[PDB]
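What follows draws every value from the coordinates through simple rules; no lab data is involved. Please note: Cβ atoms are built from the backbone with ideal geometry, for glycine as well, and neighbour counts cover all protein chains shown.
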Amino acid sequence: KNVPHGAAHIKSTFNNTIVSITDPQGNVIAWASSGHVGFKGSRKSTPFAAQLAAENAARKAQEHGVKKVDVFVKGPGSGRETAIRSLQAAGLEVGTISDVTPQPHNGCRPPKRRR
RNA sequence: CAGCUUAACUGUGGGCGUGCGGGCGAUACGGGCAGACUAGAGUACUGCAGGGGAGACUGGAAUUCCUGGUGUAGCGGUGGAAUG
């Protein structure tokens, strides 16, 4: 397909990293997850795994003709910036970096404290 | 104080009997009765701040579920995993 400009959704969690590149109206072209590039367990929360997954997703988007993207990073950062650098060095140019993370307005109740 | 060899003991005479009742005096303090005051207290007037309470209606974010797109083979979870 041919999309000159799309959007890239990075979701970095405490124990995973998933990046999906989408068109500006919200239809994903291709995606890569930290477990998709071969890591399992704890090894897939590492910035190296995040960078590898984002690079793979970027290449898969290049095959669909994406030129530039704007990143919507999200979640408790483990590999936000390393995914950003990987996207830059995988051949794309990032337009804007907008950190949109769901913050409730004191709604619902979180799980109890661990020990 | 006196007597029995002294004492224990005994006797004699005051005190004690820490209270109660009757008469008489005092009126500072507490109280009773009759007053007076506004410094306590309460009311009034004018302002002021407040997640004080009860009732009714109503707003946005987020989680979950359902429906429909797109899209693949992983997601999730941990000290590490595995049930899922």
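Name the single residue that is farthest from the chain's Cα centre (by Cα) among those in the range A:2-22 being in a loop (DSSP other than H, G, I, E, B) and more than 8 Å from RNA strand B (Cβ to nearest atom). Result: A:2.
Taken across the range A:91-99, residues that are small (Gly, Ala, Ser) and farther than 23 Å from residue A:25 by Cα do not occur at all. Selection within the range A:62-82: residues that are in contact with a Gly (Cβ under 7 Å, 6 or more places away or on another chain) and not in a strand (DSSP E or B). The member of this set that is surrounded by the most Cβ atoms within 10 Å (Cβ to Cβ) is A:66.
Report, by residue number, each residue of the range A:17-42 that is farther than 19 Å from residue A:85 by Cβ, surrounded by 16 or more Cβ atoms within 10 Å (Cβ to Cβ) and polar (S, T, N, Q). A:22 - this is the single residue of the range A:17-42 that is farther than 19 Å from residue A:85 by Cβ, surrounded by 16 or more Cβ atoms within 10 Å (Cβ to Cβ) and polar (S, T, N, Q).
Checked against (1) within 12 Å of RNA strand B (Cβ to nearest atom); (2) within 13 Å of the chain's Cα centre (by Cα); (3) among the β-branched types (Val, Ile, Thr), residue A:46 passes all but condition (2). Against the numbered list (1) within 6 Å of RNA strand B (Cβ to nearest atom); (2) more than 15 Å from residue A:75 (Cβ to Cβ), residue A:62 comes up short only at (1). Does residue A:14 meet the test of being in contact with a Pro (Cβ under 9 Å, 6 or more places away or on another chain) and over 14 Å from residue A:73 (Cβ atoms)? Judged against the criteria, residue A:14 is a match.
Would you check which residues across the range A:93-115 are more than 11 Å from RNA strand B (Cβ to nearest atom), part of a loop (DSSP other than H, G, I, E, B) and either charged (D, E, K, R) or touching a helix residue (DSSP H, G or I) at 6+ places or on another chain (Cβ under 6 Å) (or both) and list them?
The first filter runs over the range A:93-115 and keeps only residues more than 11 Å from RNA strand B (Cβ to nearest atom), leaving A:93-99, A:112-113.
Checking which are part of a loop (DSSP other than H, G, I, E, B) leaves us with A:98-99, A:112-113.
Once the filter is applied, which keeps residues that are more than 11 Å from RNA strand B (Cβ to nearest atom), part of a loop (DSSP other than H, G, I, E, B) and either charged (D, E, K, R) or touching a helix residue (DSSP H, G or I) at 6+ places or on another chain (Cβ under 6 Å) (or both), the range A:93-115 yields A:99, A:112, A:113.
Go through the range A:1-35 residue by residue and tally those that are within 12 Å of residue A:65 (Cβ to Cβ), aliphatic (A, V, I, L, M) and touching an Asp or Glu at 6+ places or on another chain (Cβ under 9 Å).
Taking the range A:1-35 as the starting set, the residues that turn out to be within 12 Å of residue A:65 (Cβ to Cβ) are A:1-6, A:21, A:23, A:29-30.
Among the residues that remain, those that are also aliphatic (A, V, I, L, M) are: A:3, A:21, A:29-30.
Filter again for touching an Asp or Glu at 6+ places or on another chain (Cβ under 9 Å), leaving A:3, A:29-30.
So the answer is 3.
Are any of the residues in the range A:76-88 at negative phi and within 12 Å of RNA strand B (Cβ to nearest atom)? The answer is yes, given that some residue of the range A:76-88 is at negative phi and within 12 Å of RNA strand B (Cβ to nearest atom).
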